[PDB]
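**Q** This one is input-v9.csv, CSV, C-alpha atoms and all ligand atoms.
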chain,number,residue,atom,x,y,z
A,1,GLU,CA,-99.4,38.1,-53.0
A,2,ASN,CA,-98.3,34.6,-54.2
A,3,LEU,CA,-95.4,35.2,-56.6
A,4,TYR,CA,-93.8,37.1,-53.7
A,5,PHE,CA,-93.8,33.8,-51.9
A,6,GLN,CA,-92.6,31.9,-54.9
A,7,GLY,CA,-89.6,34.1,-55.6
A,8,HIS,CA,-88.6,34.0,-52.0
A,9,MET,CA,-88.3,30.2,-52.3
A,10,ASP,CA,-86.4,29.8,-55.6
A,11,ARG,CA,-83.8,32.3,-54.1
A,12,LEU,CA,-83.6,30.1,-51.0
A,13,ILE,CA,-83.5,26.9,-53.1
A,14,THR,CA,-80.7,28.5,-55.2
A,15,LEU,CA,-78.8,29.1,-52.0
A,16,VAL,CA,-79.4,25.6,-50.6
A,17,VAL,CA,-78.4,24.2,-54.1
A,18,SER,CA,-75.4,26.5,-54.6
A,19,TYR,CA,-73.9,25.5,-51.2
A,20,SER,CA,-74.7,21.9,-52.0
A,21,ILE,CA,-72.5,22.0,-55.1
A,22,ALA,CA,-69.7,23.8,-53.3
A,23,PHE,CA,-69.6,21.0,-50.8
A,24,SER,CA,-70.2,18.2,-53.3
A,25,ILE,CA,-67.2,19.3,-55.3
A,26,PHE,CA,-65.1,19.7,-52.2
A,27,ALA,CA,-65.9,16.2,-51.0
A,28,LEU,CA,-65.5,14.7,-54.5
A,29,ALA,CA,-62.1,16.3,-54.9
A,30,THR,CA,-61.0,15.2,-51.5
A,31,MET,CA,-61.9,11.6,-52.2
A,32,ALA,CA,-60.3,11.8,-55.6
A,33,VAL,CA,-57.0,12.8,-53.9
A,34,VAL,CA,-57.2,10.7,-50.7
A,35,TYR,CA,-58.0,7.4,-52.5
A,36,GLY,CA,-55.8,8.4,-55.4
A,37,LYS,CA,-52.5,6.7,-55.8
A,38,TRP,CA,-50.9,8.7,-58.6
A,39,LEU,CA,-49.7,11.6,-56.3
A,40,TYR,CA,-48.2,9.5,-53.5
A,41,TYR,CA,-46.5,7.2,-56.0
A,42,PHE,CA,-45.0,10.3,-57.5
A,43,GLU,CA,-43.7,11.5,-54.1
A,44,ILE,CA,-41.9,8.2,-53.4
A,45,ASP,CA,-39.2,9.1,-56.0
A,46,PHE,CA,-39.7,12.9,-55.7
A,47,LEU,CA,-39.2,13.1,-51.9
A,48,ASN,CA,-36.8,10.1,-51.7
A,49,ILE,CA,-39.0,8.3,-49.2
A,50,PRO,CA,-37.1,5.0,-49.4
A,51,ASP,CA,-34.1,6.8,-47.7
A,52,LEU,CA,-36.3,8.8,-45.4
A,53,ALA,CA,-37.9,5.6,-44.1
A,54,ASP,CA,-35.2,3.0,-44.6
A,55,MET,CA,-37.7,0.9,-46.6
A,56,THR,CA,-37.6,-0.4,-50.1
A,57,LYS,CA,-39.9,1.0,-52.8
A,58,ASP,CA,-42.0,-2.1,-52.9
A,59,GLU,CA,-42.3,-2.0,-49.1
A,60,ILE,CA,-43.5,1.6,-49.1
A,61,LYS,CA,-46.0,1.0,-51.9
A,62,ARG,CA,-47.7,-2.1,-50.4
A,63,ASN,CA,-48.0,-0.5,-46.9
A,64,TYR,CA,-49.6,2.5,-48.6
A,65,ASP,CA,-51.9,0.2,-50.6
A,66,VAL,CA,-53.1,-1.5,-47.3
A,67,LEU,CA,-53.7,1.9,-45.7
A,68,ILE,CA,-55.8,3.3,-48.5
A,69,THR,CA,-57.7,0.0,-48.6
A,70,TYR,CA,-58.3,0.4,-44.9
A,71,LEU,CA,-59.6,3.9,-45.3
A,72,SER,CA,-62.5,2.7,-47.6
A,73,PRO,CA,-65.8,3.1,-45.8
A,74,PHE,CA,-66.6,-0.5,-46.9
A,75,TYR,CA,-63.6,-2.3,-45.3
A,76,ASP,CA,-64.8,-3.6,-42.0
A,77,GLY,CA,-61.5,-4.9,-40.6
A,78,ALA,CA,-58.7,-3.4,-38.6
A,79,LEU,CA,-55.5,-1.9,-40.0
A,80,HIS,CA,-52.7,-4.4,-40.5
A,81,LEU,CA,-49.7,-2.8,-42.2
A,82,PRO,CA,-47.7,-5.5,-44.2
A,83,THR,CA,-44.3,-4.8,-42.8
A,84,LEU,CA,-44.6,-2.0,-40.1
A,85,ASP,CA,-45.4,-1.8,-36.4
A,86,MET,CA,-48.2,0.4,-34.9
A,87,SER,CA,-48.9,1.7,-31.4
A,88,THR,CA,-52.5,1.8,-30.1
A,89,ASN,CA,-52.3,5.6,-30.3
A,90,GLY,CA,-51.4,5.0,-34.0
A,91,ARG,CA,-54.5,2.7,-34.6
A,92,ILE,CA,-56.7,5.3,-32.9
A,93,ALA,CA,-55.4,8.1,-35.1
A,94,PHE,CA,-56.2,6.2,-38.3
A,95,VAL,CA,-59.7,5.4,-37.0
A,96,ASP,CA,-60.1,9.1,-36.5
A,97,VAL,CA,-58.9,9.8,-40.1
A,98,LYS,CA,-61.2,7.1,-41.4
A,99,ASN,CA,-64.2,8.5,-39.4
A,100,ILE,CA,-63.8,11.9,-41.1
A,101,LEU,CA,-63.8,10.4,-44.6
A,102,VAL,CA,-67.0,8.5,-43.8
A,103,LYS,CA,-68.5,11.6,-42.3
A,104,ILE,CA,-67.5,13.6,-45.4
A,105,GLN,CA,-68.8,10.9,-47.7
A,106,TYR,CA,-72.2,10.5,-46.0
A,107,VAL,CA,-72.7,14.3,-46.2
A,108,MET,CA,-71.4,14.3,-49.8
A,109,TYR,CA,-74.1,11.9,-51.0
A,110,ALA,CA,-76.6,14.2,-49.3
A,111,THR,CA,-75.4,17.3,-51.0
A,112,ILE,CA,-75.2,15.5,-54.4
A,113,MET,CA,-78.8,14.6,-54.2
A,114,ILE,CA,-80.1,18.0,-53.0
A,115,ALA,CA,-77.9,19.6,-55.7
A,116,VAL,CA,-79.3,17.8,-58.7
A,117,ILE,CA,-82.8,17.2,-57.4
A,118,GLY,CA,-83.1,20.9,-56.4
A,119,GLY,CA,-81.0,21.7,-59.5
A,120,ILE,CA,-83.5,20.2,-61.9
A,121,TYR,CA,-86.4,21.9,-60.1
A,122,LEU,CA,-84.6,25.2,-60.9
A,123,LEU,CA,-83.7,24.1,-64.5
A,124,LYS,CA,-87.3,23.2,-65.2
A,125,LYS,CA,-88.1,26.8,-64.2
A,126,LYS,CA,-85.5,28.2,-66.7
A,127,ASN,CA,-83.2,29.4,-63.9
A,128,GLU,CA,-79.5,28.9,-64.0
A,129,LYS,CA,-77.8,31.0,-61.3
A,130,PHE,CA,-77.2,28.1,-59.0
A,131,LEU,CA,-74.7,26.9,-61.6
A,132,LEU,CA,-73.0,30.3,-61.3
A,133,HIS,CA,-73.5,30.9,-57.6
A,134,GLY,CA,-72.4,27.4,-56.9
A,135,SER,CA,-69.4,27.8,-59.2
A,136,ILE,CA,-68.0,30.7,-57.2
A,137,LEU,CA,-69.1,29.2,-53.9
A,138,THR,CA,-67.0,26.0,-54.6
A,139,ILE,CA,-63.9,28.2,-54.9
A,140,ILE,CA,-64.7,29.9,-51.6
A,141,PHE,CA,-65.7,26.9,-49.4
A,142,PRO,CA,-62.5,24.9,-49.0
A,143,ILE,CA,-60.5,27.8,-47.6
A,144,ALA,CA,-63.2,29.5,-45.5
A,145,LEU,CA,-62.2,26.3,-43.6
A,146,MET,CA,-58.6,27.8,-43.6
A,147,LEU,CA,-59.6,31.3,-42.4
A,148,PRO,CA,-58.7,30.6,-38.7
A,149,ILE,CA,-55.0,30.3,-39.8
A,150,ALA,CA,-54.9,34.0,-40.7
A,151,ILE,CA,-56.0,35.0,-37.2
A,152,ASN,CA,-53.4,32.8,-35.4
A,153,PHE,CA,-51.2,30.3,-37.1
A,154,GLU,CA,-50.0,28.0,-34.3
A,155,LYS,CA,-53.2,28.2,-32.2
A,156,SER,CA,-55.6,27.6,-35.1
A,157,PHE,CA,-53.7,24.4,-36.0
A,158,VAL,CA,-54.2,23.3,-32.4
A,159,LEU,CA,-58.0,23.3,-33.0
A,160,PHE,CA,-57.9,21.7,-36.4
A,161,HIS,CA,-55.9,19.0,-34.8
A,162,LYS,CA,-58.1,18.4,-31.8
A,163,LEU,CA,-61.3,18.7,-33.9
A,164,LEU,CA,-60.0,15.6,-35.7
A,165,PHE,CA,-58.1,13.5,-33.2
A,166,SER,CA,-58.9,11.7,-29.9
A,167,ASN,CA,-55.5,12.0,-28.1
A,168,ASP,CA,-54.1,15.4,-27.3
A,169,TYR,CA,-50.6,14.7,-25.7
A,170,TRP,CA,-49.7,11.9,-28.2
A,171,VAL,CA,-46.5,11.7,-30.3
A,172,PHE,CA,-45.1,11.0,-33.7
A,173,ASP,CA,-42.6,8.4,-32.6
A,174,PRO,CA,-41.1,6.4,-35.5
A,175,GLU,CA,-39.9,3.5,-33.2
A,176,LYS,CA,-43.6,2.9,-32.3
A,177,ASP,CA,-45.4,4.1,-35.4
A,178,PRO,CA,-42.8,3.9,-38.3
A,179,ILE,CA,-45.4,4.7,-41.0
A,180,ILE,CA,-44.7,8.4,-40.1
A,181,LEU,CA,-41.4,8.1,-41.9
A,182,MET,CA,-43.2,7.4,-45.2
A,183,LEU,CA,-45.8,10.2,-44.6
A,184,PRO,CA,-43.7,13.4,-44.7
A,185,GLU,CA,-45.3,16.8,-44.3
A,186,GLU,CA,-44.6,17.7,-47.9
A,187,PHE,CA,-46.9,14.9,-49.1
A,188,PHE,CA,-49.8,16.3,-47.2
A,189,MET,CA,-49.1,19.9,-48.4
A,190,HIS,CA,-49.0,18.8,-52.1
A,191,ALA,CA,-52.1,16.7,-51.6
A,192,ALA,CA,-54.1,19.6,-50.2
A,193,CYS,CA,-52.8,21.6,-53.2
A,194,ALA,CA,-54.1,18.8,-55.5
A,195,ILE,CA,-57.5,19.0,-53.6
A,196,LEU,CA,-58.0,22.6,-54.5
A,197,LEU,CA,-56.6,22.1,-58.0
A,198,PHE,CA,-59.4,19.6,-58.5
A,199,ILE,CA,-61.8,22.0,-56.8
A,200,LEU,CA,-60.7,24.8,-59.2
A,201,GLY,CA,-61.3,22.6,-62.2
A,202,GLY,CA,-64.7,21.7,-60.7
A,203,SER,CA,-65.7,25.3,-60.4
A,204,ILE,CA,-64.8,25.9,-64.0
A,205,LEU,CA,-66.8,23.1,-65.5
A,206,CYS,CA,-69.9,24.1,-63.7
A,207,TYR,CA,-69.3,27.7,-64.6
A,208,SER,CA,-68.9,26.6,-68.2
A,209,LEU,CA,-72.2,24.8,-67.8
A,210,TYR,CA,-73.8,28.0,-66.5
A,211,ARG,CA,-72.6,29.9,-69.6
A,212,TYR,CA,-73.4,27.2,-72.1
A,213,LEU,CA,-77.0,27.2,-70.7
A,214,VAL,CA,-77.8,30.9,-70.3
A,215,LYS,CA,-76.3,31.7,-73.7
A,216,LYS,CA,-78.7,29.1,-75.3
A,217,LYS,CA,-81.6,30.6,-73.3
A,218,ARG,CA,-81.0,34.2,-74.5
A,219,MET,CA,-80.5,32.9,-78.0
A,220,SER,CA,-84.2,32.0,-78.2
B,1,LIG,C1,-87.4,27.6,-43.7
B,1,LIG,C2,-86.3,27.0,-42.9
B,1,LIG,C3,-85.5,26.1,-43.9
B,1,LIG,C4,-84.1,26.0,-43.4
B,1,LIG,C5,-83.2,26.7,-44.4
B,1,LIG,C6,-83.2,28.2,-44.0
B,1,LIG,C7,-81.9,28.9,-44.4
B,1,LIG,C8,-82.2,30.2,-45.0
B,1,LIG,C9,-81.3,31.3,-44.5
B,1,LIG,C10,-81.6,32.6,-44.7
B,1,LIG,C11,-82.9,32.9,-45.5
B,1,LIG,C12,-82.6,33.8,-46.7
B,1,LIG,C13,-83.1,33.2,-48.0
B,1,LIG,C14,-82.4,33.9,-49.2
B,1,LIG,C15,-81.1,34.5,-48.8
B,1,LIG,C16,-80.3,35.0,-50.0
B,1,LIG,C17,-79.3,33.9,-50.5
B,1,LIG,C18,-78.0,34.5,-50.8
B,1,LIG,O1,-77.2,34.9,-50.0
B,1,LIG,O2,-77.5,34.5,-52.2
B,1,LIG,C19,-76.2,34.4,-52.4
B,1,LIG,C20,-75.7,33.0,-52.2
B,1,LIG,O3,-74.4,32.8,-52.8
B,1,LIG,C21,-76.6,32.0,-52.9
B,1,LIG,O4,-77.2,32.7,-54.1
B,2,LIG,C1,-65.3,4.5,-57.2
B,2,LIG,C2,-64.3,3.3,-57.0
B,2,LIG,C3,-64.0,2.7,-58.4
B,2,LIG,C4,-63.3,3.6,-59.3
B,2,LIG,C5,-62.0,4.2,-58.7
B,2,LIG,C6,-61.0,3.0,-58.4
B,2,LIG,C7,-60.3,3.3,-57.1
B,2,LIG,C8,-59.1,4.1,-57.3
B,2,LIG,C9,-57.9,3.4,-56.6
B,2,LIG,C10,-56.7,3.5,-57.2
B,2,LIG,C11,-56.5,4.2,-58.5
B,2,LIG,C12,-55.8,5.6,-58.1
B,2,LIG,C13,-55.0,6.1,-59.3
B,2,LIG,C14,-55.6,7.4,-59.8
B,2,LIG,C15,-55.3,8.6,-59.0
B,2,LIG,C16,-55.6,9.8,-59.8
B,2,LIG,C17,-56.0,11.1,-59.1
B,2,LIG,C18,-55.0,11.5,-58.0
B,2,LIG,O1,-55.5,11.7,-56.9
B,2,LIG,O2,-53.6,11.7,-58.2
B,2,LIG,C19,-53.4,12.5,-59.3
B,2,LIG,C20,-52.4,13.6,-58.9
B,2,LIG,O3,-53.2,14.7,-58.3
B,2,LIG,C21,-51.6,14.2,-60.0
B,2,LIG,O4,-50.2,14.3,-59.6
B,3,LIG,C1,-73.4,18.1,-57.9
B,3,LIG,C2,-71.9,18.2,-57.8
B,3,LIG,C3,-71.2,17.5,-59.0
B,3,LIG,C4,-71.9,16.2,-59.2
B,3,LIG,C5,-70.9,15.2,-59.7
B,3,LIG,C6,-71.6,13.8,-59.9
B,3,LIG,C7,-70.7,12.7,-59.5
B,3,LIG,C8,-69.6,12.5,-60.5
B,3,LIG,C9,-68.9,11.2,-60.3
B,3,LIG,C10,-67.5,11.1,-60.4
B,3,LIG,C11,-66.8,12.3,-60.8
B,3,LIG,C12,-65.4,12.4,-60.1
B,3,LIG,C13,-65.3,11.4,-58.9
B,3,LIG,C14,-64.0,11.6,-58.3
B,3,LIG,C15,-63.8,10.6,-57.1
B,3,LIG,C16,-64.4,9.3,-57.5
B,3,LIG,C17,-63.3,8.3,-57.8
B,3,LIG,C18,-62.6,7.8,-56.5
B,3,LIG,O1,-63.0,8.2,-55.4
B,3,LIG,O2,-61.6,6.8,-56.6
B,3,LIG,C19,-60.3,7.3,-56.4
B,3,LIG,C20,-59.9,7.9,-57.7
B,3,LIG,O3,-60.1,7.1,-58.8
B,3,LIG,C21,-58.5,8.4,-57.7
B,3,LIG,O4,-58.4,9.3,-58.7
B,4,LIG,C1,-54.7,17.9,-44.7
B,4,LIG,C2,-55.0,18.0,-46.2
B,4,LIG,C3,-54.4,16.7,-46.8
B,4,LIG,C4,-55.3,16.2,-47.9
B,4,LIG,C5,-55.4,14.7,-47.6
B,4,LIG,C6,-54.2,14.0,-48.0
B,4,LIG,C7,-53.9,12.9,-47.0
B,4,LIG,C8,-54.8,11.7,-47.3
B,4,LIG,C9,-53.9,10.4,-47.5
B,4,LIG,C10,-53.5,9.7,-46.5
B,4,LIG,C11,-53.8,10.0,-45.1
B,4,LIG,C12,-53.2,9.0,-44.2
B,4,LIG,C13,-52.4,9.7,-43.1
B,4,LIG,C14,-53.3,10.7,-42.4
B,4,LIG,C15,-52.7,11.2,-41.1
B,4,LIG,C16,-52.4,9.9,-40.3
B,4,LIG,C17,-52.2,10.3,-38.8
B,4,LIG,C18,-50.8,9.9,-38.4
B,4,LIG,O1,-49.8,10.4,-38.9
B,4,LIG,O2,-50.7,8.8,-37.5
B,4,LIG,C19,-50.4,9.3,-36.2
B,4,LIG,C20,-49.4,8.4,-35.5
B,4,LIG,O3,-49.5,7.1,-36.2
B,4,LIG,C21,-49.8,8.2,-34.0
B,4,LIG,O4,-49.3,9.3,-33.3
B,5,LIG,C1,-77.8,10.7,-47.4
B,5,LIG,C2,-77.3,9.6,-48.3
B,5,LIG,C3,-78.3,9.4,-49.4
B,5,LIG,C4,-78.2,8.0,-49.9
B,5,LIG,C5,-77.0,7.7,-50.7
B,5,LIG,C6,-77.3,7.6,-52.2
B,5,LIG,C7,-76.1,7.6,-53.0
B,5,LIG,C8,-75.6,9.0,-53.4
B,5,LIG,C9,-76.2,9.4,-54.8
B,5,LIG,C10,-75.5,9.7,-55.9
B,5,LIG,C11,-74.0,9.6,-55.8
B,5,LIG,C12,-73.5,9.3,-57.2
B,5,LIG,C13,-72.2,10.1,-57.6
B,5,LIG,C14,-71.1,9.8,-56.6
B,5,LIG,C15,-69.8,9.7,-57.3
B,5,LIG,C16,-69.0,8.6,-56.6
B,5,LIG,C17,-67.7,9.1,-56.0
B,5,LIG,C18,-67.5,8.4,-54.7
B,5,LIG,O1,-68.4,8.3,-53.9
B,5,LIG,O2,-66.2,7.9,-54.4
B,5,LIG,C19,-66.0,7.6,-53.0
B,5,LIG,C20,-65.5,6.2,-52.8
B,5,LIG,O3,-65.9,5.8,-51.5
B,5,LIG,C21,-64.0,6.2,-52.9
B,5,LIG,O4,-63.4,5.2,-52.1
B,6,LIG,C1,-56.8,22.7,-48.8
B,6,LIG,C2,-58.1,21.9,-48.6
B,6,LIG,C3,-57.7,20.5,-48.0
B,6,LIG,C4,-58.9,19.7,-47.8
B,6,LIG,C5,-58.9,19.0,-46.5
B,6,LIG,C6,-60.1,18.2,-46.4
B,6,LIG,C7,-60.1,17.4,-45.0
B,6,LIG,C8,-59.5,16.0,-45.3
B,6,LIG,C9,-59.8,15.2,-44.0
B,6,LIG,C10,-58.9,14.1,-43.7
B,6,LIG,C11,-57.8,13.8,-44.6
B,6,LIG,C12,-56.7,13.2,-43.7
B,6,LIG,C13,-56.0,14.4,-42.9
B,6,LIG,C14,-54.7,14.0,-42.3
B,6,LIG,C15,-53.9,15.2,-42.0
B,6,LIG,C16,-52.6,14.8,-41.4
B,6,LIG,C17,-51.5,15.8,-41.9
B,6,LIG,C18,-50.2,15.6,-41.1
B,6,LIG,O1,-49.5,16.6,-41.1
B,6,LIG,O2,-49.8,14.4,-40.5
B,6,LIG,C19,-48.7,14.5,-39.7
B,6,LIG,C20,-47.5,13.9,-40.5
B,6,LIG,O3,-47.0,12.8,-39.7
B,6,LIG,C21,-46.4,15.0,-40.6
B,6,LIG,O4,-45.1,14.4,-40.8
B,7,LIG,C1,-77.7,19.3,-64.1
B,7,LIG,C2,-78.0,19.5,-62.7
B,7,LIG,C3,-76.8,19.0,-61.9
B,7,LIG,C4,-76.0,20.2,-61.4
B,7,LIG,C5,-74.6,19.7,-60.9
B,7,LIG,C6,-73.6,20.9,-61.0
B,7,LIG,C7,-72.6,20.6,-62.2
B,7,LIG,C8,-71.3,20.4,-61.6
B,7,LIG,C9,-70.3,20.1,-62.7
B,7,LIG,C10,-69.0,19.6,-62.4
B,7,LIG,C11,-68.6,19.3,-61.0
B,7,LIG,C12,-67.5,18.2,-61.0
B,7,LIG,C13,-66.5,18.5,-59.9
B,7,LIG,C14,-65.5,17.3,-59.8
B,7,LIG,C15,-64.2,17.7,-59.1
B,7,LIG,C16,-63.5,16.4,-58.6
B,7,LIG,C17,-62.2,16.2,-59.2
B,7,LIG,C18,-62.1,14.8,-59.7
B,7,LIG,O1,-63.1,14.2,-59.8
B,7,LIG,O2,-60.8,14.2,-60.1
B,7,LIG,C19,-61.0,13.3,-61.1
B,7,LIG,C20,-60.6,11.9,-60.7
B,7,LIG,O3,-59.3,11.9,-60.1
B,7,LIG,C21,-60.5,11.0,-61.9
B,7,LIG,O4,-59.9,9.8,-61.5
The structure in this file should be written as structure tokens.
**A**
Amino acid sequence: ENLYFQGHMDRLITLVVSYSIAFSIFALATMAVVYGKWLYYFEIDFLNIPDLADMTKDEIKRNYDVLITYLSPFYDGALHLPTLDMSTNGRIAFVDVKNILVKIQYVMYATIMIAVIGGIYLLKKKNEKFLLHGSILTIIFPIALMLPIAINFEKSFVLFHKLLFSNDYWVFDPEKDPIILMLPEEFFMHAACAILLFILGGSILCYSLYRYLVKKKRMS
């Protein structure tokens, strides 16, 4: 009567743990790309942002450095671009973007702890499937968040937008928020591609860890 209860828990724990790694890797990849400077630096020359924005390369890079420094959850000050103006609707939008990254990070630290605490409880029990269930669940998670796009393309992006932001009938107007000119749509598309690229690598390493383990367990 008891080992029927115990098996019902380790399958629940494997679920809670598997989902926790799926999200942990999603967050970790997101933060690697958002706070990463290699990709955007590459896009300055690739997308010819100096001529898009009528700004020098050094201009563009130091404004970007200040923005990424602002988006740290540990920078308590307001956003003060070195050479660019900014509407109050602009400042609001960047507080929205910053709020997500703090929300994501706080949940990430939560899933990281549950994933390894619950993960070692399972490994102490000679059980490895959370490393395999997780591995495939990390591939599935980031785009289950994209699933609404398949149902309706323009309308789904109206809820993604309003889930994030605090002003509905705003604008991208370069005369009032000229940092738009150095943040073209292609940059965000490539960045998201880097986010999943990182997630894909993440799924592999923890699938490798599943196979390295269970092959040394069956060896005995
Ligand atoms: C007690 C309340 C605590 C709050 C948490 C309750 C949430 C549990 C949800 C359903 C129970 C079913 C438990 C086992 C379900 C099977 C898990 C499963 O679907 O396995 C595939 C997945 O990828 C992972 O392995
Ligand atoms: C945890 C904090 C301390 C340690 C971290 C320091 C903070 C990182 C800031 C700048 C370096 C960014 C440069 C590295 C960016 C590499 C990853 C990236 O996102 O760009 C690669 C791109 O995907 C391929 O084209
Ligand atoms: C349980 C799920 C897996 C557990 C994993 C344990 C944590 C591993 C810590 C760092 C690995 C990668 C961290 C990538 C982001 C940290 C660096 C960062 O944010 O700075 C910007 C970055 O340097 C620009 O590339
Ligand atoms: C969506 C997946 C992309 C993956 C993440 C890559 C992007 C993260 C790097 C920088 C974000 C900074 C810009 C984020 C958007 C700022 C909002 C904006 O454009 O400002 C509005 C305007 O100023 C007032 O109307
Ligand atoms: C509910 C919160 C629980 C309390 C919190 C306890 C701390 C989390 C424990 C381990 C994380 C260690 C591995 C994390 C890898 C670091 C990657 C990272 O966090 O980079 C983001 C950074 O802010 C880029 O600017
Ligand atoms: C594919 C998986 C991707 C993972 C995603 C995780 C969520 C990241 C959350 C916030 C990052 C900042 C989001 C900022 C998005 C703004 C994109 C945009 O198009 O900004 C308008 C720009 O002005 C056009 O020219
Ligand atoms: C043992 C119990 C613990 C179980 C834990 C499960 C094992 C997860 C393994 C790998 C996940 C790592 C995924 C990391 C993906 C983020 C991509 C990244 O960090 O990029 C590098 C960064 O840019 C550099 O500067």
**Q** Around ligand LIG 2 (chain B), which protein and nucleic acid residues have at least one atom no more than 9 Å from it, if we count all atoms listed in the file? List them as number ranges by chain.
**A** A: 29-43, 65, 68-69, 190-191, 193-195, 197-198
**Q** Determine, using all atoms listed in the file, which residues of chain A have any atom at most 7 Å from an atom of ligand LIG 4 (chain B), and tabulate each with its shortest atom pair and distance in Å to one decimal place, rows ordered by chain and then rising number, as a tab-separated table.
**A**
residue	atom	partner	partner_atom	distance
A:30	CA	B:LIG4	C4	6.8
A:33	CA	B:LIG4	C6	6.6
A:34	CA	B:LIG4	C8	4.3
A:86	CA	B:LIG4	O3	6.9
A:89	CA	B:LIG4	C21	5.2
A:90	CA	B:LIG4	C21	3.6
A:91	CA	B:LIG4	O3	6.8
A:93	CA	B:LIG4	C19	5.3
A:94	CA	B:LIG4	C16	5.7
A:97	CA	B:LIG4	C14	6.1
A:170	CA	B:LIG4	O4	5.7
A:171	CA	B:LIG4	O4	4.8
A:172	CA	B:LIG4	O4	4.5
A:173	CA	B:LIG4	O4	6.8
A:177	CA	B:LIG4	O3	5.1
A:179	CA	B:LIG4	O3	6.8
A:180	CA	B:LIG4	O1	5.6
A:183	CA	B:LIG4	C13	6.8
A:188	CA	B:LIG4	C3	4.6
A:189	CA	B:LIG4	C3	6.4
A:191	CA	B:LIG4	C4	4.9
A:192	CA	B:LIG4	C4	4.3
A:195	CA	B:LIG4	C4	6.7
**Q** Mind pulling up the distance from CA of residue 22 in chain A to CA of residue 141 in chain A?
**A**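 For CA of residue 141 in chain A relative to CA of residue 22 in chain A, the distance reads 6.4 Å.
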**Q** Any residue with an atom at most 10 Å from ligand LIG 7 (chain B) counts, using all atoms listed in the file. Which are they? Put them as a PyMOL selection string.
**A** chain A and resi 17-18+20-38+112-123+128+130-132+134-135+138+194-210
**Q** If the limit is 9 Å from any atom of ligand LIG 1 (chain B), counting only C-alpha atoms and all ligand atoms, which residues qualify? Return them as a VMD selection string.
**A** chain A and resid 8 to 19 129 to 130 132 to 134 136 to 137
**Q** How many Å separate atom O3 of ligand LIG 6 (chain B) from CA of residue 77 in chain A?
**A**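 Distance reported for this atom pair: 22.9 Å.
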**Q** Might you pull out every residue within 9 Å of residue 99 in chain A, with all atoms listed in the file counted and same-chain residues fewer than 5 positions away left off, and present them as a list in words?
**A** residues 71, 73, 94 and 104 of chain A
**Q** Working from the structure I just supplied, which lacks atoms in range 32-41 of chain A, can you model N, CA, C and O atoms there and output them as a PDB file, in the coordinates of the input?
**A**
ATOM      1  N   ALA A  32     -61.083  12.065 -54.461  1.00  0.00           N
ATOM      2  CA  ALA A  32     -60.300  11.800 -55.600  1.00  0.00           C
ATOM      3  C   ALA A  32     -58.776  11.775 -55.247  1.00  0.00           C
ATOM      4  O   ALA A  32     -57.998  10.965 -55.767  1.00  0.00           O
ATOM      5  N   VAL A  33     -58.376  12.648 -54.325  1.00  0.00           N
ATOM      6  CA  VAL A  33     -57.000  12.800 -53.900  1.00  0.00           C
ATOM      7  C   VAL A  33     -56.614  11.748 -52.852  1.00  0.00           C
ATOM      8  O   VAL A  33     -55.581  11.079 -52.938  1.00  0.00           O
ATOM      9  N   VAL A  34     -57.461  11.613 -51.827  1.00  0.00           N
ATOM     10  CA  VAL A  34     -57.200  10.700 -50.700  1.00  0.00           C
ATOM     11  C   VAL A  34     -57.012   9.273 -51.239  1.00  0.00           C
ATOM     12  O   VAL A  34     -55.980   8.624 -51.039  1.00  0.00           O
ATOM     13  N   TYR A  35     -58.047   8.763 -51.910  1.00  0.00           N
ATOM     14  CA  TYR A  35     -58.000   7.400 -52.500  1.00  0.00           C
ATOM     15  C   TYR A  35     -57.254   7.341 -53.782  1.00  0.00           C
ATOM     16  O   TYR A  35     -57.211   6.270 -54.399  1.00  0.00           O
ATOM     17  N   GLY A  36     -56.661   8.448 -54.225  1.00  0.00           N
ATOM     18  CA  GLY A  36     -55.800   8.400 -55.400  1.00  0.00           C
ATOM     19  C   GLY A  36     -54.427   7.974 -55.097  1.00  0.00           C
ATOM     20  O   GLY A  36     -53.866   8.318 -54.057  1.00  0.00           O
ATOM     21  N   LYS A  37     -53.849   7.187 -56.005  1.00  0.00           N
ATOM     22  CA  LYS A  37     -52.500   6.700 -55.800  1.00  0.00           C
ATOM     23  C   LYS A  37     -51.450   7.351 -56.655  1.00  0.00           C
ATOM     24  O   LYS A  37     -50.259   7.201 -56.359  1.00  0.00           O
ATOM     25  N   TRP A  38     -51.846   8.100 -57.692  1.00  0.00           N
ATOM     26  CA  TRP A  38     -50.900   8.700 -58.600  1.00  0.00           C
ATOM     27  C   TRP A  38     -49.942   9.663 -57.815  1.00  0.00           C
ATOM     28  O   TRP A  38     -48.719   9.626 -57.983  1.00  0.00           O
ATOM     29  N   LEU A  39     -50.514  10.520 -56.962  1.00  0.00           N
ATOM     30  CA  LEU A  39     -49.700  11.600 -56.300  1.00  0.00           C
ATOM     31  C   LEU A  39     -48.699  10.972 -55.354  1.00  0.00           C
ATOM     32  O   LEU A  39     -47.514  11.320 -55.393  1.00  0.00           O
ATOM     33  N   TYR A  40     -49.142  10.068 -54.476  1.00  0.00           N
ATOM     34  CA  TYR A  40     -48.200   9.500 -53.500  1.00  0.00           C
ATOM     35  C   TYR A  40     -47.147   8.660 -54.168  1.00  0.00           C
ATOM     36  O   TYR A  40     -45.992   8.650 -53.728  1.00  0.00           O
ATOM     37  N   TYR A  41     -47.519   7.923 -55.219  1.00  0.00           N
ATOM     38  CA  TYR A  41     -46.500   7.200 -56.000  1.00  0.00           C
ATOM     39  C   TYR A  41     -45.471   8.118 -56.548  1.00  0.00           C
ATOM     40  O   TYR A  41     -44.274   7.809 -56.548  1.00  0.00           O
TER      41      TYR A  41
END
